[PDB]
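Residue numbers (full-length UniProt numbering), protein chains in the order written: chain L, 4 to 64; chain X, 2 to 100; chain C, 1 to 44.
Each residue gets a CB set at the ideal place from its N, CA and C atoms; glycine is no exception.
Worksheet: the structure to be examined is printed underneath.
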RNA sequence: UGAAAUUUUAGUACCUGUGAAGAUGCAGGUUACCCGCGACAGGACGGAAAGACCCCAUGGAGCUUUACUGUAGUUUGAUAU
RNA sequence: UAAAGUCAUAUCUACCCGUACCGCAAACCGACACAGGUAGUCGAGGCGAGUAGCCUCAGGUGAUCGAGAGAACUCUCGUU
RNA sequence: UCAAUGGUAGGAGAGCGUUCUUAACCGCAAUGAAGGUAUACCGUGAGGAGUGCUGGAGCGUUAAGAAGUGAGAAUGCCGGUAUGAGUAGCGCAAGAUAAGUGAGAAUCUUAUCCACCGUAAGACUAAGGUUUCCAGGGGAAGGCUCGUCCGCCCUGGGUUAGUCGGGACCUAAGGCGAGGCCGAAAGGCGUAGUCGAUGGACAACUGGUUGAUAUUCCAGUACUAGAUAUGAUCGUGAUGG
RNA sequence: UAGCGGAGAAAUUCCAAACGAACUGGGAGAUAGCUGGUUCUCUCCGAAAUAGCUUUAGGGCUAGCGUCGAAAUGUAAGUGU
RNA sequence: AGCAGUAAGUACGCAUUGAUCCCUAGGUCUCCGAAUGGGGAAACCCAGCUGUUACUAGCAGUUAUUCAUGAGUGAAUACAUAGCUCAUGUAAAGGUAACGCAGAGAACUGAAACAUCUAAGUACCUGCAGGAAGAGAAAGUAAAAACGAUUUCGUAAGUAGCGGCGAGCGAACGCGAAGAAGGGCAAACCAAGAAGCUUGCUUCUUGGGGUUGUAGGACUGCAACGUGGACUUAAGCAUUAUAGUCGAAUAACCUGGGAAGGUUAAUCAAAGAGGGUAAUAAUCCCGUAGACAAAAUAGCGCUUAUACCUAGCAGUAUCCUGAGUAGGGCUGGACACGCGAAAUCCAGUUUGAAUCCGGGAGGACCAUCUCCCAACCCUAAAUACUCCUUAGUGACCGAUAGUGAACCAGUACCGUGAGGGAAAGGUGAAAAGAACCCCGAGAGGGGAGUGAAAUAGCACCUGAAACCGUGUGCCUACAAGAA
């Protein structure tokens, strides 16, 4: 689970050929990273969308 | 009522018109033992406090409807009360007003 | 022959004591069903 | 001292027929004082068992498979890391 | 480390729960004063290897409707 | 007058009875409402009143409306009563007499014999039972029968520890588990730690004692640990080893 | 160690007087072309048990077969001889 | 004006001086339990600290955790950091009637079977909340002038649609009614500080600026409107719950055990609602209609300055206006929408703008036109449901009903457990409950007496029905019946 990436592994539902009414489990991107040090020094998970928008504003946010 | 009391009429019921002194009403009973009135008698065993028994002229209580308080000239009715003085003044209607 | 329950005191508790039933967030729920009904007792 | 199962109620015989096609109770005919009591089992298609055999249900379960659909799982490749 | 120690010495104290009874059982668990089950420890003599028998120790018990009559029959026993 | 009137599933029409209906209409009722009961009336039917009696408070009318609304019958249900049937059984073992007890004794109590078990059918002790123990009294039910007896019932007492078993010690198997781990969530895992005896640690044992408690009450002997009172002396010596 | 499960010297064996899928509560008065049950009084009229189709044959959908009402009476059709 | 809950049942007593009682507030509040000093099976054990007061005591309090906030500490390793310690803040854990929201989410069914659908995103489960919640201020709908946030209801209307186009599911628009409130911020800028003080800093902190659609603000102009809205503060006013108070209006006769019934008369009137009373009451009582009453009590509402932030306005130097954002690919889902011509929105994943000459919508989409300005936040009101508090209402129901439960019901009882789950009210007006006497071991009876009544005698009104009877007139012991 990653906090500032928003949501979690959130449930969904699977389709098929002439769909058979099934289920999926949505998983986001899971990366434990520790990028910046503002007073941070804090390891935490992240998602790759938030990785590519680390240079959006994510050094303190 | 308020605490009876005095001689008290009995209009309806088994003994019409009978008047008799009261003090002992206990209004939670909602029917009043009055001397002379509703003459119960008990065939009691020859036991403690009466080693013969067989006769107890204790008398039955009769309902508030058949209690009728008179003011002191023997005049009953409806108790207008609290009306006159410091805490409370009892009286009946068409009455000589005394308590 | 042999029957089911020949319990001892540890046996009569340790499934149904107030902390046992209270423990797992679940048995206390069905105890609260037993309270919202409110039968002769609670814990046994 | 004292129950159970039990059942339309029935003072409920026999033969020969008849009949949802095998009679106690029906037709014809026969024998039978009334009521019991101790033992017995041929019936009363005796009970107890909405057949566990067979069959049916667009009935369900379980099992099997190279039925059809899938699922996880297993193994590619893409692609952010 | 100075009586913390420390022994003599002296007299007090020493908490809380459980403690009765039954328990191979009419209280247990077998709906029952039920013909089951139920730890463990001891468990006499006499013969007798023997904790098997068998009769009496110590000990405990008469276990719960009976009398008749000895049918047939039914079942446990003894014969041929 | 003529013609019609077997009739199931079928369909149409009509009417009865119950209850509530604020309705009104309009009475009854203690001289007896309702309801019950007998009844030798009437009505095509369903149904209706009359009288006798119980009985002592609500009920009836009419007309109309509204309906949980018209009872046999389903393993219908619930409650009661049969039936079989005075039959089965009376729950694995033998008592016996005399005397008491009482009102009433087989079955209660005693005496005296018999009998049985006796590696038990003894005693003592787990779990269990949760007062069943004992004393006195009683016999509504219970006792598989009786019953003065009782594990039945009323009342009252009865269980005593520094050393007995546990806890104030430790810990397995295990459980819970702050930290942490992962996980829609709840959660599930788990380091430290924490409890967890059936285990390992440790002082008391003889005699007497009741209706009943005894290693517990007390005679005798202890020992364990601490205390305060008291000549030490540097001593204690840890979670480490 | 708990049911989509467990255990299992394995039979489909057991999982609290008891299991090829445990027990308790809810869904949910699951469902049921199949069984049973159906309650007051009268009058009048009065059946079918067949065709056609149907995963249909012990069931439905029409049509034939009743009943009542209405519109006229194809200007008589009907039904006989 | 007696008290001495239940109710007998006793006793010391207690009390118009004012009790008992009613209400309001305060008090203490055993233990467990969120349960929390530590352990622990619920009614436990063992503590530590601080004073107490005495003891190998006792008392009183402090000592669970997480979070937040400080303070100190300070390892590898110098600072630091982790980590540790202390202090402060119920915060906050927890119990929860029903409604909500959000996540997670089936099956059975039905489709005459069934794989698509349905059931329904419902059953369940978890979390988050309040008195309601969400809900919301157009990056909207619509299509011509057409309006102007939402919400609920009716309508449109099963209309448009979708769908093994089966079986089904299913709108919106517009209109009608209720209810009818929008307001901030970041941004841009301006000022202050501190700082990359690497100077001119181009990041942070404070306060103005202003929240925008026909653009709006900043820059140049320039106006003080009460405001839950530009302060839903405090002070008075008023009144309600929260104790209750007063409160009218009648006599006789007949009957009976008893009148309110029948009969004779009279009254009242904001009270002839209803309930008791031995038997049906307006005038007997409670009451009732009205009319008064509360200090404390929880409020509601009105007036007051204050409890504070807003306006118009012309012009447009340039900036701003909500970036991984819209979008695009794929996989989903919701939207009536089942991938379809598929809109439009929201997810994962990937790619990625423009930014006022802008951008978006107008059911693929390309131009013209209409409307709007997202990608920042809050918003009462009309609505949903009651465990609850009364005020109550009944063509509700009368003890198999009515709550499982009118009764010591969730009781007994079953089951180890989760669970299940019963049966039962009525004497008499009043116990006035049968003194005594006799039978009887006792109970029970029988007399007496009791009461209107004793078939009325303690599970007692009324008492069928099956069952058992006892008496009774007739008939049957040569008979083989749906009786």
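Supposed contact pair residue j and residue i - C-beta distance, whole angstroms, cut 8 Å
i: residue 71/X; j: residue 33/X; result: Contact flag wrong, Cβ pair sits at about 14 Å.
i: residue 59/X; j: residue 43/X; result: 6 Å
i: residue 51/L; j: residue 34/L; result: 6 Å
i: residue 21/X; j: residue 12/X; result: Wrong, their Cβ atoms sit about 13 Å apart, outside the cutoff.
i: residue 5/L; j: residue 47/L; result: 7 Å
i: residue 76/X; j: residue 88/X; result: Actually they do not touch by this definition, with Cβ atoms about 23 Å apart.
i: residue 41/X; j: residue 55/X; result: Actually they are not in contact, since the Cβ atoms of residue 41/X and residue 55/X sit about 14 Å apart, beyond 8 Å.
i: residue 12/L; j: residue 19/L; result: Their Cβ separation, rounded to whole angstroms, is 21 Å, which puts residue 12/L and residue 19/L out of contact at 8 Å.
DSSP state of residue i mapped onto helix, strand, coil
i: residue 49/L; result: strand
i: residue 23/L; result: coil
i: residue 103/X; result: Nothing can be reported for residue 103/X, as the shown portion of chain X is limited to 2 through 100.
i: residue 65/X; result: helix
i: residue 9/L; result: coil
i: residue 92/X; result: strand
i: residue 35/L; result: strand
i: residue 76/X; result: strand
i: residue 30/C; result: helix
i: residue 11/C; result: helix
i: residue 41/C; result: coil
i: residue 49/X; result: coil
i: residue 100/X; result: coil
i: residue 42/X; result: coil
i: residue 18/C; result: helix
i: residue 63/L; result: coil
i: residue 58/L; result: coil
i: residue 2/C; result: coil
i: residue 17/X; result: coil
i: residue 26/X; result: coil
Status (buried if at least 16 other CB within 10 Å, exposed otherwise) for residue i
i: residue 63/X; result: buried
i: residue 8/L; result: buried
i: residue 1/X; result: The requested residue 1/X is not part of the displayed model; chain X covers only 2 to 100.
i: residue 12/C; result: exposed
i: residue 29/L; result: exposed
i: residue 52/X; result: exposed
i: residue 39/X; result: buried
i: residue 28/X; result: exposed
i: residue 7/C; result: exposed
i: residue 49/L; result: buried
i: residue 23/X; result: buried
Residue of the options minimising C-alpha distance to residue i
i: residue 41/C; options: 18/C, 25/C and 6/C; result: 18/C
i: residue 78/X; options: 84/X, 92/X, 86/X and 85/X; result: 92/X
i: residue 27/L; options: 54/L, 19/L and 14/L; result: 14/L
i: residue 26/X; options: 14/X, 69/X and 76/X; result: 69/X
i: residue 4/X; options: 31/X, 95/X and 14/X; result: 31/X
i: residue 14/X; options: 67/X, 98/X and 47/X; result: 67/X
Paired residues, beta bridge with residue i - DSSP
i: residue 9/X; result: 70/X
i: residue 14/L; result: 28/L
i: residue 81/X; result: 92/X
Residue i beta carbon near the ligand NAP (any heavy atom closer than 6 Å)
i: residue 2/C; result: In the structure shown, the ligand NAP is absent, as is every other ligand, since no ligand is present at all.
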